[PDB]
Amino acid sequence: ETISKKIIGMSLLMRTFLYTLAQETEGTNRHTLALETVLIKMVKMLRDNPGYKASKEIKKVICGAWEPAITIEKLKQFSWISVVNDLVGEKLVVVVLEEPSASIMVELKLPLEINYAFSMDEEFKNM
């Protein structure tokens, strides 16, 4: 019934965004990152962790045999709009606006409840 058990009970796309955001903001707090940056950082997580079931499963749906690794252009193809809207719906994320130009930025809520879910996720581990 926990927050962390409910995250496991979510989609892979949602979890890869959420886990990347928790991993990219962990350090000097703030917990806010540009949506573009979260996308470049998901690519890095996927390509740097071929061993992950998440990485292997995403690749089978959006990539062919000829393709050796996910690119931003191949990933950008997904509706990051819908995941962002679904995550704000679960009260796990907040959309913040960039100071001069209305650029989308995203704020992680309760990283410890997310990281407790990352730690117990079987699709986010390597051999």
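The numbering used is simple: start at 1 and walk along the sequence shown.
When 94-102 is weighed against 34-42, 94-102 comes out higher, by mean CA B-factor as recorded in the entry. 24-32 and 75-83 differ in mean CA B-factor, and the higher of the two is recorded for 24-32.
Remark: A54 belongs to the lowest third of its chain, ranked by C-alpha B-factor as recorded. The PDB entry assigns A117 a C-alpha temperature factor belonging to the middle third of its chain's modelled residues. Per the deposited record, the Cα B-factor of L110 falls in the highest third when ranked against the other modelled residues of its chain.
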